[PDB]
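Undergrad: File start-v7.pdb follows (PDB, C-alpha atoms and all ligand atoms):
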ATOM      1  CA  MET A   1       0.000   0.000   0.000  1.00  0.00           C
ATOM      2  CA  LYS A   2       1.119   3.579  -0.507  1.00  0.00           C
ATOM      3  CA  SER A   3       3.030   5.266   2.323  1.00  0.00           C
ATOM      4  CA  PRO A   4       1.127   7.508   4.748  1.00  0.00           C
ATOM      5  CA  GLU A   5       2.767  10.523   3.046  1.00  0.00           C
ATOM      6  CA  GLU A   6       1.743   9.439  -0.466  1.00  0.00           C
ATOM      7  CA  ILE A   7      -1.776   8.699   0.762  1.00  0.00           C
ATOM      8  CA  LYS A   8      -1.923  12.069   2.547  1.00  0.00           C
ATOM      9  CA  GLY A   9      -1.075  13.868  -0.683  1.00  0.00           C
ATOM     10  CA  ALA A  10      -3.938  12.215  -2.552  1.00  0.00           C
ATOM     11  CA  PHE A  11      -6.300  12.633   0.409  1.00  0.00           C
ATOM     12  CA  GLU A  12      -5.577  16.363   0.653  1.00  0.00           C
ATOM     13  CA  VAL A  13      -6.343  17.013  -3.007  1.00  0.00           C
ATOM     14  CA  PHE A  14      -9.682  15.176  -2.862  1.00  0.00           C
ATOM     15  CA  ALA A  15     -10.636  16.669   0.515  1.00  0.00           C
ATOM     16  CA  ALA A  16     -10.018  20.288  -0.500  1.00  0.00           C
ATOM     17  CA  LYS A  17     -12.522  20.355  -3.380  1.00  0.00           C
ATOM     18  CA  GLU A  18     -15.479  21.489  -1.202  1.00  0.00           C
ATOM     19  CA  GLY A  19     -16.667  21.952   2.365  1.00  0.00           C
ATOM     20  CA  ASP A  20     -14.383  20.853   5.175  1.00  0.00           C
ATOM     21  CA  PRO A  21     -10.795  20.909   3.809  1.00  0.00           C
ATOM     22  CA  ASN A  22      -9.922  17.989   6.125  1.00  0.00           C
ATOM     23  CA  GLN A  23     -12.732  15.616   5.178  1.00  0.00           C
ATOM     24  CA  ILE A  24     -13.894  13.960   1.967  1.00  0.00           C
ATOM     25  CA  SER A  25     -17.670  14.376   1.586  1.00  0.00           C
ATOM     26  CA  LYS A  26     -19.763  11.798  -0.246  1.00  0.00           C
ATOM     27  CA  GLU A  27     -19.696  14.065  -3.313  1.00  0.00           C
ATOM     28  CA  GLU A  28     -15.882  14.298  -3.099  1.00  0.00           C
ATOM     29  CA  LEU A  29     -15.716  10.530  -2.568  1.00  0.00           C
ATOM     30  CA  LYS A  30     -17.490  10.172  -5.921  1.00  0.00           C
ATOM     31  CA  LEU A  31     -14.335  11.607  -7.516  1.00  0.00           C
ATOM     32  CA  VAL A  32     -12.174   9.197  -5.492  1.00  0.00           C
ATOM     33  CA  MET A  33     -14.381   6.337  -6.757  1.00  0.00           C
ATOM     34  CA  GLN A  34     -14.003   7.473 -10.384  1.00  0.00           C
ATOM     35  CA  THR A  35     -10.219   7.532  -9.971  1.00  0.00           C
ATOM     36  CA  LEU A  36      -9.808   4.157  -8.170  1.00  0.00           C
ATOM     37  CA  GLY A  37     -12.484   2.474 -10.294  1.00  0.00           C
ATOM     38  CA  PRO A  38     -11.838  -1.223 -10.959  1.00  0.00           C
ATOM     39  CA  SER A  39      -9.313  -1.456  -8.096  1.00  0.00           C
ATOM     40  CA  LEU A  40     -12.173  -1.088  -5.598  1.00  0.00           C
ATOM     41  CA  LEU A  41     -13.216  -4.368  -4.027  1.00  0.00           C
ATOM     42  CA  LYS A  42     -16.473  -6.220  -4.490  1.00  0.00           C
ATOM     43  CA  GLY A  43     -18.845  -4.910  -1.852  1.00  0.00           C
ATOM     44  CA  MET A  44     -17.172  -1.490  -1.589  1.00  0.00           C
ATOM     45  CA  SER A  45     -17.240  -0.307  -5.197  1.00  0.00           C
ATOM     46  CA  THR A  46     -20.524   1.610  -5.541  1.00  0.00           C
ATOM     47  CA  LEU A  47     -20.454   5.058  -3.965  1.00  0.00           C
ATOM     48  CA  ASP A  48     -22.858   3.930  -1.259  1.00  0.00           C
ATOM     49  CA  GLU A  49     -20.926   0.745  -0.498  1.00  0.00           C
ATOM     50  CA  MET A  50     -17.674   2.656  -0.485  1.00  0.00           C
ATOM     51  CA  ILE A  51     -18.619   5.307   2.041  1.00  0.00           C
ATOM     52  CA  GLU A  52     -20.434   2.771   4.220  1.00  0.00           C
ATOM     53  CA  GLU A  53     -17.263   0.672   4.373  1.00  0.00           C
ATOM     54  CA  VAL A  54     -14.958   3.652   4.861  1.00  0.00           C
ATOM     55  CA  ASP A  55     -16.886   5.988   7.170  1.00  0.00           C
ATOM     56  CA  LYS A  56     -16.229   4.261  10.463  1.00  0.00           C
ATOM     57  CA  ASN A  57     -17.594   6.981  12.753  1.00  0.00           C
ATOM     58  CA  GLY A  58     -20.745   7.563  10.704  1.00  0.00           C
ATOM     59  CA  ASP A  59     -20.419  11.335  10.377  1.00  0.00           C
ATOM     60  CA  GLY A  60     -21.075  10.963   6.630  1.00  0.00           C
ATOM     61  CA  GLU A  61     -17.571  12.084   5.614  1.00  0.00           C
ATOM     62  CA  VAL A  62     -14.183  10.417   5.238  1.00  0.00           C
ATOM     63  CA  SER A  63     -11.224  11.473   7.397  1.00  0.00           C
ATOM     64  CA  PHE A  64      -7.561  10.912   6.612  1.00  0.00           C
ATOM     65  CA  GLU A  65      -7.441   8.026   9.075  1.00  0.00           C
ATOM     66  CA  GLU A  66     -10.496   6.460   7.399  1.00  0.00           C
ATOM     67  CA  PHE A  67      -9.015   7.021   3.932  1.00  0.00           C
ATOM     68  CA  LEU A  68      -5.759   5.320   4.984  1.00  0.00           C
ATOM     69  CA  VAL A  69      -7.742   2.261   6.104  1.00  0.00           C
ATOM     70  CA  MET A  70      -9.568   2.266   2.731  1.00  0.00           C
ATOM     71  CA  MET A  71      -6.296   2.276   0.797  1.00  0.00           C
ATOM     72  CA  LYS A  72      -4.964  -0.606   2.915  1.00  0.00           C
ATOM     73  CA  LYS A  73      -8.071  -2.661   2.228  1.00  0.00           C
ATOM     74  CA  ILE A  74      -7.966  -2.075  -1.541  1.00  0.00           C
ATOM     75  CA  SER A  75      -4.339  -3.220  -1.897  1.00  0.00           C
ATOM     76  CA  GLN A  76      -4.832  -6.394   0.250  1.00  0.00           C
TER      77      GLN A  76
HETATM   78 CA    CA A 101     -13.928  18.393   1.731  1.00  0.00          CA
HETATM   79 CA    CA A 102     -16.083   9.626   9.054  1.00  0.00          CA
END
What do you get writing this file as structure tokens?
Ligand SMILES: [Ca+2]
Ligand SMILES: [Ca+2]
TA:
Amino acid sequence: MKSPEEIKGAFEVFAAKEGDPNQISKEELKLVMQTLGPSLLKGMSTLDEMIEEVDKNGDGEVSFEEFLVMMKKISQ
């Protein structure tokens, strides 16, 4: 899996499109989904499945810590 620094770079770009600069909203996660596409796993590859898997605290947005866990899961 990518290093925490590489993942942080990608996270920051996606998270600073709209709203909270430090969280990825569902609408921002749509762009993450479009970029990761066929690398997303079965059961976490629709936008709904993805955020449900990734958003551990249920605030409806994806934090850096949550995003790191997502990237780990995708790459085994
Ligand atoms: Ca954001
Ligand atoms: Ca969250």
Undergrad: List the residues matched by the PyMOL selection byres (((chain A and resi 72) around 12) and not hetatm) in the displayed structure as a compact mmCIF listing (two decimals) with C-alpha atoms, in the coordinates of the input, ordered by chain and then by residue number.
TA:
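File produced: out-v8.txt:
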# COMPACT_ATOMS: atom_id res chain seq x y z
CA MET A 1 0.00 0.00 0.00
CA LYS A 2 1.12 3.58 -0.51
CA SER A 3 3.03 5.27 2.32
CA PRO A 4 1.13 7.51 4.75
CA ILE A 7 -1.78 8.70 0.76
CA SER A 39 -9.31 -1.46 -8.10
CA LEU A 40 -12.17 -1.09 -5.60
CA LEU A 41 -13.22 -4.37 -4.03
CA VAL A 54 -14.96 3.65 4.86
CA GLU A 65 -7.44 8.03 9.07
CA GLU A 66 -10.50 6.46 7.40
CA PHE A 67 -9.02 7.02 3.93
CA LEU A 68 -5.76 5.32 4.98
CA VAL A 69 -7.74 2.26 6.10
CA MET A 70 -9.57 2.27 2.73
CA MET A 71 -6.30 2.28 0.80
CA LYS A 73 -8.07 -2.66 2.23
CA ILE A 74 -7.97 -2.08 -1.54
CA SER A 75 -4.34 -3.22 -1.90
CA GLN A 76 -4.83 -6.39 0.25
Undergrad: Please extract the residues at most 6 Å from ligand CA 102 (chain A), counting all atoms listed in the file, and provide them as a PyMOL selection string, using the chain letters and residue numbers of this document.
TA: chain A and resi 55-63
Undergrad: Can you write out the residues you just picked, keeping C-alpha atoms, as a short mmCIF file (atom, residue, chain, number, x, y, z; two decimals), in the coordinates of the input?
TA:
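Produced file selection.cif, reproduced below:
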data_model
loop_
_atom_site.label_atom_id
_atom_site.label_comp_id
_atom_site.auth_asym_id
_atom_site.auth_seq_id
_atom_site.Cartn_x
_atom_site.Cartn_y
_atom_site.Cartn_z
CA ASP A 55 -16.89 5.99 7.17
CA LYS A 56 -16.23 4.26 10.46
CA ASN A 57 -17.59 6.98 12.75
CA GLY A 58 -20.74 7.56 10.70
CA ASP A 59 -20.42 11.34 10.38
CA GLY A 60 -21.08 10.96 6.63
CA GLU A 61 -17.57 12.08 5.61
CA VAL A 62 -14.18 10.42 5.24
CA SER A 63 -11.22 11.47 7.40
#
Undergrad: Can I get the residues close to ligand CA 101 (chain A) as a list in words, where close means within 6 Å and we count all atoms listed in the file?
TA: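 Those within range of ligand CA 101 (chain A) are residues 15, 16, 17, 18, 19, 20, 21, 22, 23, 24 and 25 of chain A.
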Undergrad: In Å, how far is it from CA of residue 14 (chain A) to CA of residue 31 (chain A)?
TA: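 So the answer is 7.5 Å.
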Undergrad: Interatomic distance between CA of residue 26 (chain A) and CA of residue 51 (chain A)?
TA: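 Taking CA of residue 26 (chain A) as the start and CA of residue 51 (chain A) as the end point, the length is 7.0 Å.
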Undergrad: Hey, can you check how far CA of residue 32 (chain A) sits from CA of residue 5 (chain A)?
TA: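 A separation of 17.3 Å between them.
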Undergrad: When you count only C-alpha atoms, which of these residues is closest to residue 12 (chain A): A:64, A:27, A:48, A:35?
TA: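 Closest to residue 12 (chain A), using only C-alpha atoms: A:64.
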Undergrad: Filtering to C-alpha atoms, could region 50-76 of chain A of the supplied structure be written out as an mmCIF file, in the first residue's frame?
TA:
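Written output follows (part_33.cif):
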data_model
loop_
_atom_site.group_PDB
_atom_site.id
_atom_site.type_symbol
_atom_site.label_atom_id
_atom_site.label_comp_id
_atom_site.auth_asym_id
_atom_site.auth_seq_id
_atom_site.Cartn_x
_atom_site.Cartn_y
_atom_site.Cartn_z
ATOM 1 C CA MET A 50 -17.674 2.656 -0.485
ATOM 2 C CA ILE A 51 -18.619 5.307 2.041
ATOM 3 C CA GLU A 52 -20.434 2.771 4.220
ATOM 4 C CA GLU A 53 -17.263 0.672 4.373
ATOM 5 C CA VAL A 54 -14.958 3.652 4.861
ATOM 6 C CA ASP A 55 -16.886 5.988 7.170
ATOM 7 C CA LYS A 56 -16.229 4.261 10.463
ATOM 8 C CA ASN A 57 -17.594 6.981 12.753
ATOM 9 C CA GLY A 58 -20.745 7.563 10.704
ATOM 10 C CA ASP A 59 -20.419 11.335 10.377
ATOM 11 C CA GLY A 60 -21.075 10.963 6.630
ATOM 12 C CA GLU A 61 -17.571 12.084 5.614
ATOM 13 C CA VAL A 62 -14.183 10.417 5.238
ATOM 14 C CA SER A 63 -11.224 11.473 7.397
ATOM 15 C CA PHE A 64 -7.561 10.912 6.612
ATOM 16 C CA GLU A 65 -7.441 8.026 9.075
ATOM 17 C CA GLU A 66 -10.496 6.460 7.399
ATOM 18 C CA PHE A 67 -9.015 7.021 3.932
ATOM 19 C CA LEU A 68 -5.759 5.320 4.984
ATOM 20 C CA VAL A 69 -7.742 2.261 6.104
ATOM 21 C CA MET A 70 -9.568 2.266 2.731
ATOM 22 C CA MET A 71 -6.296 2.276 0.797
ATOM 23 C CA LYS A 72 -4.964 -0.606 2.915
ATOM 24 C CA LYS A 73 -8.071 -2.661 2.228
ATOM 25 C CA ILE A 74 -7.966 -2.075 -1.541
ATOM 26 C CA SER A 75 -4.339 -3.220 -1.897
ATOM 27 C CA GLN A 76 -4.832 -6.394 0.250
#
